[PDB]
Structures are given as C-alpha cells and as structure tokens.
C-alpha cells in the first residue's frame, strides 16, 4: 500500500536525520560536548567499552570538561584513553575527577574537521536517498500492477519527493551548523 511505503519511508528518514545529528556531535569543536569523547574506548574487563558508559561527562566552562568515572579503579585507564586519543587534549588528574581543558583548534585541524562534517552529511543524504528509492520503487510496483490509481500514485510520488528533500536539507543545515561551529 501507498501508506505503508510512504509513512514508513518518512519515519526512516527522520531516524536517518537523527543519526546524522548524533554523528555530527562526535566531531571535536570549540564548545566541547560529550560527543567528542563518545568514541574513546577503554579495556573494560575484556570488552572494548566507550568512556561515555563508564563516566559522567560534565561541561562547566566553555573550554573545560569534567569527567567523573563511576569506578575510581578505572580513572587512570580513562585519562590515558583521552590522552592517547585524537582530540588533541592534555588531561590532568584531580583524584576523583579528570580535568580536561580543551584547546582552540588549529586552522589546519578545523579545515580537516569541516571536511569530516561534510562527509558525515554526504553519508546521511545517500542513506535518505536509498530510503526514497525503496519507497518510490514500491509506488512504481503499485502502479505497474494496478493496485492503486495513476493520479493517486503520482500524488504520492510528489509527496515522497517533498519529504525526501526536506530531510536532505535538514542534514545540510545540520552540517552548515557544525561548519560554523568549527570556523569560530
């Protein structure tokens, strides 16, 4: 049915756009967020484990992160993972807390990250397009087989085209915004 193809495709695009927002969040910036720490993993009893699951990540000032590990025995293993990461960070030790001052990025690094953001956007747009294609070829099958009227299917095609472009644009705003986060 038109409905299933159309309503599910929309719902999937929303998820894809949501995934892209989260994905952009993982990029290092100025205006530190937790997301930049999300893909730092420690050895946690044999399982490669994100620090995000193992510590409460707080942002007091603009360029200062405060990380509180649930298990004090883990603190040194966490700080090292931060120290050995690709964040460009020199974390200090407080005892219960890890003090992470985040430096302003170099112009070279920020052109490389702007690059990273465009790519994550491109991936999500392609994903959105694939969702449209699957729903559109269902519409095409409905038409071919005469399971719905021609005018009916052509309105649904027009609707799907609109929905798709709205979500692609949303992804483009999402990148446009991370780009401006990175170039200030």
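Numbering follows the first chain given and starts at 1.
118-126 and 40-48 differ in mean CA B-factor, and the higher of the two is recorded for 40-48. In this entry, 19-27 has the higher mean Cα B-factor, the comparison being between 19-27 and 168-176. Of the candidates 158, 63, 134, 143, the PDB record gives 63 the highest C-alpha temperature factor. Residue 153 sits in the lowest third of its chain by CA B factor, as recorded in the PDB entry.
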